[PDB]
Amino acid sequence: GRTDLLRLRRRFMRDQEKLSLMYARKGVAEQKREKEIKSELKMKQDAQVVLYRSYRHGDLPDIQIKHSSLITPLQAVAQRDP
DNA sequence: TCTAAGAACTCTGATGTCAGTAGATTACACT
């Protein structure tokens, strides 16, 4: 960090009261942020996905696919439906 | 011709004491 030591330029409140209001205002916004991000993580937990092969595009079907690109999804389904 | 008022002692039960233990309350503090 040797070039960046400007970051040690700082000053601090002396009202412990105002500083507590900063942490109360941060604390209420955090309490809402916690609830809404949990509610979003509920929605997105059910809906998250991943793709096991990469795809090309063109005027024709890209027939010359690697063995890898069939065997990876063939396992990825068998991993997942009995 | 005797029946209670006055002792006396021990014992029981509460109140306050000390030392030590540990919990919950209250301050202190985050940039």
# chains A, B, ... in the order shown; residues from 1 in each chain; ligands from 1

$ closest_atom_pairs --of "chain B" --to "chain A" --cutoff "12 Å" --atoms "only C-alpha atoms (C1' of nucleotides)" --output "CSV"
residue,atom,partner,partner_atom,distance
B:28,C1',A:16,CA,9.9
B:29,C1',A:16,CA,8.7
B:30,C1',A:23,CA,8.4
B:31,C1',A:12,CA,5.8

$ write_last_selection --atoms "C-alpha atoms (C1' of nucleotides)" --output "short mmCIF file (atom, residue, chain, number, x, y, z; two decimals), in the first residue's frame"
data_model
loop_
_atom_site.label_atom_id
_atom_site.label_comp_id
_atom_site.auth_asym_id
_atom_site.auth_seq_id
_atom_site.Cartn_x
_atom_site.Cartn_y
_atom_site.Cartn_z
"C1'" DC B 28 -18.09 2.73 26.42
"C1'" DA B 29 -17.43 2.66 22.32
"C1'" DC B 30 -17.55 2.14 17.01
"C1'" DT B 31 -15.56 6.81 11.97
#

$ atom_distance --atom1 "atom CA of residue 75 of chain A" --atom2 "atom CA of residue 45 of chain A"
22.5 Å
